[PDB]
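J.: I'd like to ask some things about the structure below.
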Amino acid sequence: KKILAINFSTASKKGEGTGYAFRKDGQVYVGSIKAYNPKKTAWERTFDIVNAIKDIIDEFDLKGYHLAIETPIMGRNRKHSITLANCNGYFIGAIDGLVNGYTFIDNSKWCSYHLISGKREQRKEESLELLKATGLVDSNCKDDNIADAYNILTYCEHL
Amino acid sequence: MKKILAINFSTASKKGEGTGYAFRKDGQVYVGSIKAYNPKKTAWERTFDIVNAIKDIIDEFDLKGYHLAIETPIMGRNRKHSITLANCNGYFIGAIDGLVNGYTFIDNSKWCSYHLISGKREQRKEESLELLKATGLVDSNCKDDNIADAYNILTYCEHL
């Protein structure tokens, strides 16, 4: 029930990032770690993303939170998919112990509970629509990493 | 001699298989395998057990600051199996990075090529074990190819 929700990406494309969401003293906090940098490898960007999340964990002194992280999946691009799966694992291994374990949340599953339907690109705008309603972000927000992490948290808080 | 902890990572999905490790300390090579076979556990749960076993080795033998050399995960025939394997390999590395001074991926092809090992998987296991057996660290009857691959990664990395 004390859940740190993560939508993990290594930010291999511009503007991407790892989204996070959690609730502390009833207040929801959300954000993204924007790590795009072609001078760094996926694993180096991952290291930076780990250290950003560790800094939030210490700032908000999250003790006993459980990681809910979106399951890595094989996509069309095989090498991207294996790199992402490996970096997703690095991220989980680096923070497990700061969190009390973790659970894989299947994209299809949180999406179905929130009625997000259609392809990938369209899921992104549906997820953002839900984030926008809560007014934790402004009406201009185009951060689907943030929106996904939020929707994963709400999925988990129900399940 | 650069201080390297060589790992041949496996989730021990098959009985008798496990994660191989090799390191040199005070000139002596130490090798072994973590035999984590347990079909009652998921691959991630066996990986957690292997992480704890390597942390205990790093503690007992005072290896903080050794550099981790680990095989690169590869693309395979079955999507879900290869994604799970790649994720567990990642988990292992992220759990111990910090105890070790960083890590480097070692491609299977590169260490094999250095050691003049060719052929399909089972032949490569045989040739890798021949190199390990020659050191006397295991007996002439050893079939523990996870130990052999860890050893042969260590010696490949020691030449670089």
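Letters A, B, ... go to the chains of the structure tokens in the order shown; residues in each chain start at 1; ligands are counted from 1 in the same order.
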If you count only C-alpha atoms, which residues fall within 7 Å of segment 26-39 of chain B, apart from same-chain ones fewer than 5 positions away, as a ChimeraX atom specification?
T.: /B:12-21,46,49-50,146-147,151
J.: DSSP says strand (DSSP E or B) for which residues of chain B? Put them as a ChimeraX atom specification?
T.: /B:4-8,19-25,28-34,67-71,97,100,103-106
J.: I want to know what sits within 8 Å of residue 75 of chain B, based on only C-alpha atoms, with residues of the same chain fewer than 6 positions away left out; could you give that as a PyMOL selection string?
T.: (chain A and resi 78-79+82) or (chain B and resi 82)
J.: List every residue of chain B that has an atom at most 9 Å from any atom of chain A, giving for each one its closest atom pair and the distance in Å to one decimal, counting only C-alpha atoms, sorted by chain and then by ascending residue number, as JSON lines.
T.:
{"residue": "B:48", "atom": "CA", "partner": "A:93", "partner_atom": "CA", "distance": 9.0}
{"residue": "B:73", "atom": "CA", "partner": "A:82", "partner_atom": "CA", "distance": 7.8}
{"residue": "B:74", "atom": "CA", "partner": "A:82", "partner_atom": "CA", "distance": 7.5}
{"residue": "B:75", "atom": "CA", "partner": "A:82", "partner_atom": "CA", "distance": 6.9}
{"residue": "B:79", "atom": "CA", "partner": "A:74", "partner_atom": "CA", "distance": 6.1}
{"residue": "B:80", "atom": "CA", "partner": "A:74", "partner_atom": "CA", "distance": 7.1}
{"residue": "B:82", "atom": "CA", "partner": "A:82", "partner_atom": "CA", "distance": 7.7}
{"residue": "B:83", "atom": "CA", "partner": "A:85", "partner_atom": "CA", "distance": 6.0}
{"residue": "B:84", "atom": "CA", "partner": "A:85", "partner_atom": "CA", "distance": 7.7}
{"residue": "B:85", "atom": "CA", "partner": "A:86", "partner_atom": "CA", "distance": 8.5}
{"residue": "B:86", "atom": "CA", "partner": "A:86", "partner_atom": "CA", "distance": 4.9}
{"residue": "B:87", "atom": "CA", "partner": "A:89", "partner_atom": "CA", "distance": 4.5}
{"residue": "B:88", "atom": "CA", "partner": "A:89", "partner_atom": "CA", "distance": 6.0}
{"residue": "B:89", "atom": "CA", "partner": "A:86", "partner_atom": "CA", "distance": 6.7}
{"residue": "B:90", "atom": "CA", "partner": "A:90", "partner_atom": "CA", "distance": 4.2}
{"residue": "B:91", "atom": "CA", "partner": "A:89", "partner_atom": "CA", "distance": 4.2}
{"residue": "B:92", "atom": "CA", "partner": "A:93", "partner_atom": "CA", "distance": 6.3}
{"residue": "B:93", "atom": "CA", "partner": "A:90", "partner_atom": "CA", "distance": 6.0}
{"residue": "B:94", "atom": "CA", "partner": "A:90", "partner_atom": "CA", "distance": 4.1}
{"residue": "B:95", "atom": "CA", "partner": "A:93", "partner_atom": "CA", "distance": 4.2}
{"residue": "B:96", "atom": "CA", "partner": "A:94", "partner_atom": "CA", "distance": 7.6}
{"residue": "B:97", "atom": "CA", "partner": "A:94", "partner_atom": "CA", "distance": 7.4}
{"residue": "B:98", "atom": "CA", "partner": "A:94", "partner_atom": "CA", "distance": 8.9}
J.: I need the chosen residues saved as a compact mmCIF listing (two decimals), in the first residue's frame, with N, CA and C atoms.
T.:
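This went into selection-v6.txt:
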# COMPACT_ATOMS: atom_id res chain seq x y z
N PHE B 48 17.87 -13.33 -6.66
CA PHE B 48 18.04 -12.75 -5.32
C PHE B 48 18.91 -13.65 -4.47
N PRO B 73 24.28 -10.11 -21.90
CA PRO B 73 23.06 -10.88 -22.23
C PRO B 73 22.85 -10.83 -23.75
N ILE B 74 22.24 -11.85 -24.30
CA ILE B 74 22.12 -11.85 -25.77
C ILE B 74 20.68 -12.05 -26.19
N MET B 75 20.41 -11.75 -27.47
CA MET B 75 19.07 -11.93 -28.04
C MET B 75 18.95 -13.42 -28.34
N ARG B 79 11.34 -14.81 -27.07
CA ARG B 79 11.21 -13.42 -26.62
C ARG B 79 11.16 -13.34 -25.09
N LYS B 80 10.22 -14.05 -24.48
CA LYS B 80 10.02 -13.86 -23.05
C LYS B 80 11.19 -14.42 -22.26
N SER B 82 14.30 -14.65 -23.27
CA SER B 82 15.52 -13.77 -23.35
C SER B 82 15.34 -12.43 -22.59
N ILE B 83 14.13 -11.89 -22.53
CA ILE B 83 13.90 -10.65 -21.81
C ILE B 83 14.06 -10.95 -20.31
N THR B 84 13.54 -12.08 -19.83
CA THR B 84 13.70 -12.43 -18.39
C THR B 84 15.17 -12.60 -18.02
N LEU B 85 15.92 -13.27 -18.89
CA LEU B 85 17.31 -13.51 -18.62
C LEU B 85 18.07 -12.17 -18.54
N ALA B 86 17.79 -11.29 -19.51
CA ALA B 86 18.46 -9.99 -19.56
C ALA B 86 18.10 -9.18 -18.28
N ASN B 87 16.83 -9.23 -17.87
CA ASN B 87 16.41 -8.46 -16.67
C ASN B 87 17.08 -9.00 -15.40
N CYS B 88 17.18 -10.32 -15.27
CA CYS B 88 17.81 -10.90 -14.05
C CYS B 88 19.32 -10.58 -14.02
N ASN B 89 19.99 -10.69 -15.17
CA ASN B 89 21.40 -10.29 -15.29
C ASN B 89 21.56 -8.83 -14.79
N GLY B 90 20.66 -7.93 -15.25
CA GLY B 90 20.66 -6.52 -14.83
C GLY B 90 20.48 -6.37 -13.32
N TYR B 91 19.48 -7.09 -12.79
CA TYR B 91 19.25 -7.10 -11.32
C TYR B 91 20.49 -7.46 -10.58
N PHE B 92 21.13 -8.57 -10.98
CA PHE B 92 22.40 -8.93 -10.33
C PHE B 92 23.44 -7.80 -10.27
N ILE B 93 23.63 -7.16 -11.43
CA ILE B 93 24.65 -6.13 -11.53
C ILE B 93 24.27 -4.91 -10.66
N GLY B 94 23.02 -4.50 -10.76
CA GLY B 94 22.57 -3.34 -9.97
C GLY B 94 22.65 -3.67 -8.46
N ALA B 95 22.38 -4.93 -8.06
CA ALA B 95 22.46 -5.24 -6.64
C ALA B 95 23.86 -5.20 -6.07
N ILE B 96 24.86 -5.45 -6.89
CA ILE B 96 26.24 -5.48 -6.35
C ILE B 96 27.13 -4.28 -6.78
N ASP B 97 26.63 -3.46 -7.71
CA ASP B 97 27.43 -2.31 -8.18
C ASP B 97 27.56 -1.35 -6.98
N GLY B 98 28.77 -0.93 -6.69
CA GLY B 98 28.93 -0.20 -5.40
C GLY B 98 29.78 -1.03 -4.45
J.: Residues of segment 102-159 of chain A classed as helix (DSSP H, G or I) by DSSP on the backbone are to be reported as a VMD selection string.
T.: chain A and resid 107 to 113 120 to 134 144 to 158
J.: Might you pull out every residue within 10 Å of residue 60 of chain A, with only C-alpha atoms counted and same-chain residues fewer than 5 positions away left off, and present them as JSON, numbers by chain?
T.: {"A": [24, 29, 55]}
J.: Could those residues be written to a file, using N, CA and C atoms, as a CSV table (one decimal), in the first residue's frame?
T.:
chain,number,residue,atom,x,y,z
A,24,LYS,N,2.8,10.2,0.3
A,24,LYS,CA,3.4,10.3,1.6
A,24,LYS,C,2.5,11.3,2.4
A,29,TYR,N,3.0,12.6,-4.8
A,29,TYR,CA,4.1,13.3,-5.4
A,29,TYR,C,4.4,12.6,-6.8
A,55,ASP,N,18.0,9.9,-4.4
A,55,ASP,CA,17.9,11.2,-3.7
A,55,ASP,C,16.4,11.5,-3.3
J.: For residue 32 of chain A, find every residue with an atom within 12 Å (counting only C-alpha atoms), except residues of its own chain fewer than 3 positions away, and show them as number ranges by chain.
T.: A: 5-11, 15-21, 29, 35-36, 49, 52-53, 56, 137, 141-150
J.: What separation in Å, quoted to one decimal, exists between atom CA of residue 68 of chain A and atom CA of residue 101 of chain A?
T.: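 Calculated distance between atom CA of residue 68 of chain A and atom CA of residue 101 of chain A is 8.9 Å.
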J.: Select, from B:118, B:113, B:141, B:72, the residue with the minimum atom-to-atom distance to residue 10 of chain B, counting only C-alpha atoms.
T.: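 Closest to residue 10 of chain B, using only C-alpha atoms: B:72.
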J.: Can you tell me, as a PyMOL selection string, what residues are no more than 9 Å from residue 156 of chain B when counting only C-alpha atoms, ignoring any on the same chain fewer than 3 positions away?
T.: chain B and resi 110-112+114-115+151-153+159-160
J.: Can you measure atom CA of residue 114 of chain A to atom CA of residue 66 of chain A for me? One decimal in Å is fine.
T.: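 Pair atom CA of residue 114 of chain A / atom CA of residue 66 of chain A returns 21.3 Å.
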J.: If we count only C-alpha atoms and set the cut-off at 10 Å, which residues sit around residue 63 of chain B, ignoring sequence neighbours fewer than 2 positions away in its own chain? Please answer as a list in words.
T.: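 What passes the distance filter is residues 3, 4, 5, 23, 24, 25, 55, 57, 58, 59, 60, 61, 65, 66, 67, 99, 100 and 101 of chain B.
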J.: Output C-alpha atoms for every residue in that selection, as a compact mmCIF listing (two decimals), in the first residue's frame.
T.:
# COMPACT_ATOMS: atom_id res chain seq x y z
CA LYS B 3 41.34 -6.93 -9.48
CA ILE B 4 38.49 -8.53 -11.30
CA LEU B 5 35.47 -10.53 -10.06
CA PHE B 23 38.67 -13.99 -8.81
CA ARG B 24 42.40 -13.69 -7.96
CA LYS B 25 43.46 -12.73 -4.47
CA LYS B 55 27.63 -10.68 -1.45
CA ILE B 57 31.78 -14.19 -1.01
CA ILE B 58 32.64 -10.44 -1.45
CA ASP B 59 32.40 -10.09 2.39
CA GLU B 60 34.37 -13.29 3.29
CA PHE B 61 37.17 -12.65 0.84
CA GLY B 65 36.51 -2.51 -5.01
CA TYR B 66 37.19 -5.44 -7.39
CA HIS B 67 35.75 -4.68 -10.83
CA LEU B 99 30.33 -3.26 -3.63
CA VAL B 100 32.32 -3.68 -6.78
CA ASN B 101 34.04 -0.72 -8.51
J.: For a quick check of understanding, using only C-alpha atoms, which of A:116, A:30, A:128, A:105 has the smallest distance to residue 159 of chain A?
T.: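 When distances to residue 159 of chain A are compared using only C-alpha atoms, the smallest one comes from A:105.
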J.: To one decimal in Å, tell me the separation between atom CA of residue 144 of chain B and atom CA of residue 6 of chain B.
T.: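 Pair atom CA of residue 144 of chain B / atom CA of residue 6 of chain B returns 15.5 Å.
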